[PDB]
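Quick notes on the structure that follows.
What follows draws every value from the coordinates through simple rules; no lab data is involved. So basically every Cβ, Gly included, is an ideal-geometry build from the backbone, and we count neighbours across all protein chains shown.
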């Protein structure tokens, strides 16, 4: 005889955005009207101090500096596929035979694996998008040290 | 898998299946005994010292 | 000082393994466990044969 000693399956590791240390740079918020939002903004108002000047020299008038900051938008996406045979087995039972039961349970397990995989992919894609944002805004060492 | 941003192709599911096989390597060692050993093992001639 | 296994393990064949070796020249180890998990609808076995 020839023997099958075992059949193996990889156990996945699930990651979440909040569990990462990269989330420390984030202030994460849910907003159920986000699709209806045109980009949001923040307003700032600063009045600088000044020093009294000596005789003869011109004085400094008092300035107000008002600035604005804006937001960026960047959605993400991922698909999962199900076959028509998987769908028809998932929906309906033909006969009560053991094989048909196997096919029904197998379609259910196919769908469950696909949903779990997509959910993990969504968490990972959020992490990836935030890291890309950080790399997009971050200037290199020589610029910031010169500043 | 990792979700994709605008303009980049999203990655599809894959299932990868591999197999591994055993191997064989028998070993052999002999030992041999002389017919005198086989005689004296069983037979006690007259029982002297 | 290290704790190591004192004896070789024992790989044994179930009677369904015997029937399948006779009829098909093949072995599926833990055949009855595979059967029970397959019929109950449980997607994972507990451990390797």
Exercise. Can you give the helix-only mean residue ellipticity at 222 nm for chain B, where every DSSP H stretch with n ≥ 4 adds -39500 (n - 2.57) and the sum goes over all residues, rounded to the nearest 500 deg cm²/dmol?
Worked result: -4500 deg cm²/dmol
Exercise. Taking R0 as 25 Å, what's the FRET efficiency between residue C:13 and residue B:16 from their Cβ-Cβ distance, rounded to 0.05?
Worked result: 0.20
Exercise. Rounded to the nearest 0.05, what FRET efficiency is calculated for residue A:74 and residue A:143 with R0 set to 25 Å and r the Cβ-Cβ distance?
Worked result: 0.55
Exercise. Which angle between 0 and 90 degrees, to the nearest 10, do you get for helix C:31-40 versus the longest principal axis of chain C when only C-alpha atoms count?
Worked result: 60
Exercise. How high is the relative contact order of chain A, given as a whole-number percent (alpha carbon pairs under 8 Å, six or more residues apart)?
Worked result: 26
Exercise. Hey, got the average number of other protein chain Cβ atoms within 10 angstrom for residues in A:3-12?
Worked result: 5
For this session: Before rounding to the nearest 500, sum -39500 (n - 2.57) across all DSSP H runs of length at least 4 in chain C and divide by the residue total; then give [θ] at 222 nm in deg cm²/dmol.
Result: -12000 deg cm²/dmol
Seminar exercise, completed: Taking max minus min of the Cα coordinates of chain C on each principal axis, largest first, gives extents in Å of 46, 28, 13
Seminar exercise, completed: Whole-percent tail of the Cα-Cα distance distribution for the protein assembly as shown, cut at 23 Å, equals 77
Problem set entry | Residue with peak Gaussian network fluctuation, chain A [Cα springs, cutoff 10 Å], from A:89, A:70, A:16 | A:70
For this session: Find how many whole Å separate the alpha carbon centroid of chain B from the alpha carbon centroid of region A:29-89.
Result: 67
Exercise. Against the longest alpha carbon principal axis of chain A, how many degrees, from 0 to 90 and to the nearest 10, is the axis of helix A:98-137 turned?
Worked result: 10
For this session: Take the Cβ-Cβ distance between residue A:61 and residue A:30 as r, set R0 to 51 Å, and report the resulting FRET efficiency rounded to the nearest 0.05.
Result: 0.65
